[PDB]
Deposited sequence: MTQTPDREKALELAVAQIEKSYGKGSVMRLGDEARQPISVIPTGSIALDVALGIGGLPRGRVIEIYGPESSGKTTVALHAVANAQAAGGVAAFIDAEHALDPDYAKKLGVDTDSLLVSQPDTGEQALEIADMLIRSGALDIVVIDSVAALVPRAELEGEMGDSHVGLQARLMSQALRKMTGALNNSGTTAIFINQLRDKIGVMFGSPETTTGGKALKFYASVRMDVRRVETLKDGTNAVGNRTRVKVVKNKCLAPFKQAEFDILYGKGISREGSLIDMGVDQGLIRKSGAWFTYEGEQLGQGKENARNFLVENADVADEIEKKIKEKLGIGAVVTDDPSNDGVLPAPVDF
């Protein structure tokens, strides 16, 4: 075929036809900039917010955060809970592992007092409680802790396998419509279990892993986490982000502005020195981090400028 411009026109229509019938993110190009809603729940680190593309987590979708035991996951999730909360929204936490540290959560900014928490007897139950809690159109973010811990009635009774992968499927189908119709975003912490089902219904899927144990000079102030969004029907996939999660403090927002500040020219590193638009922030990443945290006025100035240079 001798073609050239007529090809790009047939392809444009093609994609058009696919998008129409299977949805917006049905086909995309890794270089696309497209889409940007009015609704998004910040993750807590600008780094990850841009990797997600839409500036945070998509509302009305089912998100899946998975990873090894002790990388971030819950932290990242608790953050998405604190931010949904900071906009006067209400959060729920269906708990099946019995491992939540309210003190840590309150430190991340979770209004633990108004945190609807429930600890189900079986897995099916856990989904239903989250299902009707979802349908009241009152909840903004609902997090289900551990898909692996959602044991089914049968197994919990004695009465073989193929339980979870069924229990989840039946749920996700039904729960997917309710979600897309309520503007609520559900986060599933997973082990990397419920497998397939969640892997496909989910609009976003994040692989969180602990890169390095942040050397504080002394012992360790935090950990350098790395998320890799393997699935994103909201924007070009396969993007990644690294951020610090300080022991007891959570994700360093300030540490993200610096990292993103330099990689965008907004902050200049003149050899051990960090400078921003004339004046020096400090000597060392942690110094500047501490500078930015004590001086919020300038901290969100950087966040602002970088959000203007992207979105």
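- Comparing the deposited sequence with the modelled residues shows gaps at 160 to 163, 197 to 210, 330 to 350, with numbering starting at 1.
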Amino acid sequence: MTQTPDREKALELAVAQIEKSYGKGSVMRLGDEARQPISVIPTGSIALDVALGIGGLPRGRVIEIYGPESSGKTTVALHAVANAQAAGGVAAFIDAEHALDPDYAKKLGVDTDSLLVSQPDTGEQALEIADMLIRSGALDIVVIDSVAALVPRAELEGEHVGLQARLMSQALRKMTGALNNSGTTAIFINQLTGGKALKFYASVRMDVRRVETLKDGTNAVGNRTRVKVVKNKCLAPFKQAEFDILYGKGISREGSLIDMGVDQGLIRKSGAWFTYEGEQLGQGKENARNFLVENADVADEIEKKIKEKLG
From here on, numbers count along this sequence of modelled residues.
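By rigid core we mean the largest C-alpha set that fits within 1.5 Å across both forms.
- Superposition on the core shows that, in 8 other deposited structures of this protein, the C-alpha atoms drift more in one of 75 to 83 and 162 to 170; this is 162 to 170.
- Taken in 8 other deposited structures of this protein and fitted on the core, 108 to 116 and 209 to 217 differ in how far their Cα atoms move from the shown form, and the one that moves more is 209 to 217.
- For the segment pair 171 to 179 and 138 to 146, the entry gives 171 to 179 the higher mean B-factor, averaged over Cα atoms.
- The stretch 79 to 87 shows the higher mean C-alpha B-factor when 79 to 87 is compared against 230 to 238 in the entry.
- Looking only at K106, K199, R224, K215, the residue with the top Cα B factor in the deposited structure is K215.
- Ranking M132, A165, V110, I94 by Cα temperature factor from the entry places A165 first.
- Per the PDB record, residue ranking by Cα B-factor puts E159 in the highest third of the chain.
- Among all modelled residues in this chain, the alpha-carbon of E64 has a temperature factor (C-alpha) in the lowest third.
- Annotation for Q264: C-alpha temperature factor in the middle third relative to the rest of the modelled chain, per the entry.
- For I38, the recorded CA temperature factor ranks within the middle third of the chain's modelled residues.
- When the modelled residues of the chain are ordered by C-alpha B-factor, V27 sits in the lowest third.
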